[PDB]
Amino acid sequence: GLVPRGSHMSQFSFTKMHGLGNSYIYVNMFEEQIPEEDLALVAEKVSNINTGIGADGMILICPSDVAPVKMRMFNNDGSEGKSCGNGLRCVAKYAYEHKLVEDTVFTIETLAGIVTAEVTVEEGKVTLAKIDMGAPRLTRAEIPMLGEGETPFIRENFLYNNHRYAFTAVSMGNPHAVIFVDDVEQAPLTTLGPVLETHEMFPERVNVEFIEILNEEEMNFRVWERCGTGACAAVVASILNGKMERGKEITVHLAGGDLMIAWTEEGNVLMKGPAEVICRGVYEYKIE
Amino acid sequence: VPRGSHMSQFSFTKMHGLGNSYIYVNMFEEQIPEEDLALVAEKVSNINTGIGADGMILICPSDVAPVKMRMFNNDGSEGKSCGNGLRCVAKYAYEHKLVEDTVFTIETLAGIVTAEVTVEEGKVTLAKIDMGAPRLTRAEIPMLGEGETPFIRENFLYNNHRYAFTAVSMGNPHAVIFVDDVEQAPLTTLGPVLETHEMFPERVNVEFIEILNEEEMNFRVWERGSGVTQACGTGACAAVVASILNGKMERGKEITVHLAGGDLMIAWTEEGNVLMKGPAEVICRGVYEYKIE
């Protein structure tokens with residue numbers, strides 16, 4: 001091994017993009033160059049708000065042996081991990097707009113495995129990208145949730161402040177409890193959300209969604225996080241309760257904006273969401 | 001009543017001095033309507049939906065200097081910098097040929113500021129800013145109690161230790177405490193109790209300093225309103241004034257202050273004004289895109 005001496009100064013072009021929740025620094029590794037041994041450190045430097053740009057991390061768009069593009073995600077502490085969802089709509093947008101892909105439907109290689117992306121192009125620009133969020137899981141042990149009762153699905157009452165609420169439990173890889181409200185503005189979000197989050201019956205806590213169904217293809221959405229798996233859980237819950245239909249694109253109005261979700265008759269929940277450019281430029285750095 | 005929407009963009013440069021960072025916009029080359037500035041500052045400073053910064057700094061034409069600095073915080077309020085961004089403005093102005101000389105002035109909301117850039121290889125490495133004279137009266141801090149002759153020094157009992165602070169204003173209030181090791185200064189503990197003590201009605205920034213020799217010190221600060229910061233320029237000046245008052249350092253000597261974020265070179269000149277020299281660094285440059293509905 002070696003104790004390095006000297007210093008090196010480089011730069012690369014980047015794009016900051018925002019999809020749902022996170023925002024990352026996107027680097028095209030087809031055109032840019034960062035030494036492998038520098039990646040973790042560069043990810044940390046560039047994600048810092050004070051001495052970097054400021055992001056939840058850095059995502060490299062790279063050559064792949066198995067897909068047109070490959071995604072590598074580094075967190076803001078420099079650790080490389082599974083994206084599990086985050087950044088995919090932005091990678092899909094970037095891939096298509098910079099012609100690393102030739103169709104609207106294409107694949108992306110991620111740590112977890114190869115993923116399908118389908119972009120919506122409106123005026124030569126990608127507005128939305130559609131991704132597979134998997135099947136919901138509706139069993140107590142899968143939520144996870146204590147107690148018995150899962151047939152046809154999990155629905156339980158809950159007394160809070162002299163009023164009988166009813167929530168529907170769904171896992172989309174993470175636990176969700178979905179309550180239907182008449183008016184989403186007077187949802188007990190600050191008050192019922194937190195006390196239900198940490199209730200005994202949820203060993204691993206739970207995300208709490210209050211939703212108002214507008215019609216058979218539209219709903220307003222607020223979540224008390226333990227959020228696209230929340231919007232999916234909320235849609236799956238409305239279909240389970242007979243408020244909405246299977247295999248139809250339902251549009252969810254969040255505080256952020258709109259997600260378009262369909263629980264396919266095939267089984268998967270497919271989620272369509274926006275990706276936007278914040279800025280593009282050249283980042284300069286020095287490693288000593 | 002406004003309606004419709006505009007999608008726009010501008011070129012910017014993110015720069016920092018000791019890890020306090022801003023988005024810099026050259027308003028000789030860029031256009032942003034006045035009624036959008038607060039909203040743009042807020043939008044662009046947001047780490048999630050924006051770029052990420054402590055705010056936005058416009059470099060503008062001036063009637064009275066080569067350049068004017070306007071500073072907006074990340075909540076969109078326009079305010080006085082108390083020294084923030086002046087070195088990056090000086091670097092930017094010189095490198096983008098908005099000035100002809102290494103010595104020039106910058107118009108600010110707090111008054112016109114002299115700047116002197118150190119150029120090394122066509123680039124500005126350090127900028128030296130006039131921070132003005134210290135103010136040493138209780139009324140100038142501002143502060144309660146009586147006695148400022150020759151200056152303000154109070155004892156303070158906290159947690160069975162006796163401390164002593166010297167009170168100084170560089171446009172903002174400072175209480176300077178001397179310690180033997182800044183790594184074990186009661187920064188997070190004595191910092192906030194003195195910050196909010198009733199004798200400081202507008203609060204105070206609490207500096208802890210280790211004198212290493214007569215031209216050199218280590219520095220930490222509990223900032224009023226914030227807490228523990230990497231880099232407080234006015235505070236570093238306050239600290240150097242405080243040590244000269246207390247006979248620990250000399251007037252007119254250039255003193256290196258080792259802050260957490262880097263070094264600052266400060267002299268309390270015999271004329272009265274305090275001169276502060278430090279780094280300024282580009283992080284990135286680019287185009288920011290935005291929409292206002």
Side-chain angles (χ1 to χ4, degrees), chain A residues 281 284, chain B residues 8-18 20-38 40-41 44-45 51 53-74 76-132 170-171 231 233-234 237 264-265 273-288:
Chain A
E284 304 177 359
Chain B
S8 202
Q9 68 185 50
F10 52 80
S11 298
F12 72 92
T13 310
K14 200 185 180 185
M15 314 178 65
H16 84 95
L18 301 197
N20 181 212
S21 64
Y22 294 85
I23 303 294
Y24 291 77
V25 191
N26 182 358
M27 303 300 295
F28 294 81
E29 293 181 337
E30 245 47 62
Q31 305 187 349
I32 309 169
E34 186 63 33
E35 71 268 23
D36 291 356
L37 288 180
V40 170
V44 78
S45 299
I51 299 173
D54 288 323
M56 183 172 69
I57 283 169
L58 309 191
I59 308 177
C60 312
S62 167
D63 292 341
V64 294
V67 293
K68 167 171 146 190
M69 173 181 94
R70 304 175 69 177
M71 202 233 88
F72 298 80
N73 299 112
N74 68 16
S77 67
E78 194 185 1
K80 301 187 165 182
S81 48
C82 45
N84 283 27
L86 278 163
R87 301 193 312 267
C88 293
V89 174
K91 175 168 187 222
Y92 192 95
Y94 185 80
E95 293 178 354
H96 292 255
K97 308 204 212 201
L98 298 167
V99 295
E100 307 186 335
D101 352 64
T102 54
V103 186
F104 52 91
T105 64
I106 297 147
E107 184 199 349
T108 77
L109 208 50
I112 300 159
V113 162
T114 306
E116 182 171 32
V117 299
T118 298
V119 186
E120 270 170 22
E121 293 158 14
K123 304 296 185 158
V124 172
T125 47
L126 304 166
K128 189 194 276 198
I129 304 306
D130 186 355
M131 299 293 292
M170 294 299 302
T234 51
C237 299
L264 279 194
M265 283 66 184
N273 295 272
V274 184
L275 299 182
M276 187 188 60
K277 187 189 196 170
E281 287 158 75
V282 172
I283 292 158
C284 76
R285 81 217 148 162
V287 174
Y288 169 71

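Note that these values count all heavy atoms, side chains included, but never hydrogens, waters or copies made by symmetry. First the proteins, then the strands, lettered A, B, ... as listed; each starts at 1.
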Fill in the blank from the handout: Nearest heavy-atom contact between B/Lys91 and B/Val117 is N-CG1, 4.3 Å

Exercise for the section: Any chance you could measure B/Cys88, atom SG, to B/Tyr24, atom OH, to the nearest 0.5 Å? Expected result: 3.5 Å

Exercise for the section: Take atom CD of B/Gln31 as the centre, draw a 6.0 Å sphere, and report whether it contains more than 12 heavy atoms from other residues, nucleotides or ligands. Expected result: no

Practice task
Examine distances only and state if a side-chain atom of B/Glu95 and a backbone atom of B/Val124 form a donor-acceptor pair shorter than 3.5 Å.
Solution key: yes

Handout entry: Where B/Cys284 and B/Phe12 come nearest, the two heavy atoms and their spacing
Key = SG-CE1, 3.8 Å

Problem - Side-chain touch B/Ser11/B/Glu30, heavy atoms, less than 4.5 angstrom - result: yes

Practice task
Mind checking the OG1-NZ spacing from B/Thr108 to B/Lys68? Nearest 0.5 Å is all I need.
Solution key: 10.5 Å

Practice task
Mind listing the closest non-hydrogen atom pair of B/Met56 and B/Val40 along with its distance?
Solution key: SD-CG1, 3.9 Å

Exercise for the section: Walk me through it: do B/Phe72 and B/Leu58 pass the test side-chain contact (heavy atoms from CB on, under 4.5 Å)? Expected result: CA-CA 8 Å; B/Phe72 298 80; B/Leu58 309 191; 3.9 Å; yes

Exercise for the section: Could you check if a side-chain atom of B/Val119 sits within less than 4.5 angstrom of a side-chain atom of B/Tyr94, using non-hydrogen atoms only? Expected result: yes

Handout entry: Contact summary for B/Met131 and B/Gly83, nearest pair of heavy atoms
Key = CE-CA, 4.0 Å

Handout entry: B/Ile106 side chain near B/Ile112 side chain, heavy-atom distance below 4.5 Å
Key = no

Problem - Heavy-atom closest contact (B/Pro66 atom, B/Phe28 atom, distance) - result: O-CZ, 3.7 Å

Completion exercise
Output for pair (B/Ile57 CD1, B/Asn26 CG), nearest 0.5 Å, gives 13.0 Å

Practice task
Any chance you could lay out the side-chain contact (heavy atoms from CB on, under 4.5 Å) test for B/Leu86 and B/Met69, step after step, and finish with the verdict?
Solution key: CA-CA 8 Å; B/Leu86 278 163; B/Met69 173 181 94; 4.0 Å; yes

Completion exercise
Here the gap from B/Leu264 atom CG to B/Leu126 atom CG, rounded to the nearest 0.5 Å, amounts to 9.5 Å

Exercise for the section: Report the distance from atom OG1 of B/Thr114 to atom CD1 of B/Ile129, rounding to the nearest 0.5 Å. Expected result: 8.5 Å

Handout entry: Side-chain heavy atoms of B/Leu18 within contact of B/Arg87, under 4.5 Å
Key = yes

Practice task
Without swapping roles, check the side chain of B/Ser45 against the backbone of B/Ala41 for a donor-acceptor pair under 3.5 Å.
Solution key: yes

Practice task
For the residue pair B/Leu37 and B/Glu78, establish whether any side-chain heavy-atom pair is separated by less than 4.5 Å.
Solution key: no

Problem - Validation row: B/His16, B/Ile283 side chains within 4.5 angstrom (heavy atoms) - result: yes

Practice task
Measure the spacing between CD of B/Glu116 and CG of B/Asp101 and express it to the nearest 0.5 Å.
Solution key: 10.5 Å

Fill in the blank from the handout: Looking only at heavy atoms, the pair that brings B/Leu98 and B/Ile59 closest together is CD1-CG2, 4.2 Å

